[PDB]
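Participant: need a 3D model of the following:
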Amino acid sequence: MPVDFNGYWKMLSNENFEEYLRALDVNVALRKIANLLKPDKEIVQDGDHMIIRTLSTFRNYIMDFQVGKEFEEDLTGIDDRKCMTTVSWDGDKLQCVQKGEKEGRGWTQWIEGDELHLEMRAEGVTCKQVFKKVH
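Facilitator: Residues are numbered from 1 along each chain as shown. Shown next is the protein structure:
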């Protein structure tokens, strides 16, 4: 049963986002300020077409995609380089793989009632981010 992400969601907690950005080759000041910042995810979900708008003080990132299709991750915030990014439904959960040089680059996204739960991987290293539904 695939989970309907339609809404505006605030970030509650940033667990291992400092070490995940270190594994993406990012600098100490961007790592430190991004683990302090609490950004907003607005998801527009229309069947296969999903626009995840991650809205932040450094850069609004924005993943616009069809589930099934493979797209380039040249976006000026998390890691700016063309990874051929494939997003799929694993029964209930949304599995993303970002294809290029880094060993295990991707994420797993799901809902627990009112809360959006995101696990992001790169070079083996897992960040956990917890979000709460406002709209």
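Participant: for the rest of this, base every contact and every neighbour count on C-alpha atoms.
Facilitator: OK.
Participant: pull up the distance across stretch 22-34, start to finish.
Facilitator: 12 Å (Cα to Cα, to the nearest Å).
Participant: in that stretch, which residues are buried?
Facilitator: For stretch 22-34, a neighbour-count test (16 or more other Cα atoms under 10 Å) marks 22-24, 26, 30-31, 34 as buried.
Participant: same check, this time on stretch 44-63
Facilitator: Within stretch 44-63, the residues that count as buried by 16+ other Cα under 10 Å are 44-45, 50-55, 60-63.
Participant: those: which two are farthest apart?
Facilitator: Maximum pairwise distance among the buried residues of stretch 44-63 (Cα to Cα): 18.3 Å, between 45 and 60.
Participant: farthest pair within the buried residues of stretch 22-34?
Facilitator: Largest separation among these by Cα to Cα: 23 and 34, giving 14.3 Å.
Participant: mind listing the strands the helix or strand harbouring residue 108 pairs with, and their directions?
Facilitator: Per DSSP states H and E, residue 108 falls inside strand 106-112. Partner strands for strand 106-112, per DSSP bridges, with pairing direction: strand 93-99 (antiparallel), strand 115-122 (antiparallel).
Participant: adding mean neighbour count and distance to residue 84, write those strands out as TSV.
Facilitator: Listed next are those as TSV, based on neighbours: other Cα atoms under 10 Å; distance: least, Cα to Cα, whole Å:
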stretch	mean neighbour count	distance to residue 84
strand 93-99	19	5
strand 115-122	18	15
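Participant: need those in a markdown table (columns: distance to residue 129).
Facilitator: Output for the strands paired with strand 106-112, formatted as a markdown table (distance: least, Cα to Cα, whole Å):
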| stretch | distance to residue 129 |
| --- | --- |
| strand 93-99 | 15 |
| strand 115-122 | 5 |
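Participant: fine, thanks again, bye for now.
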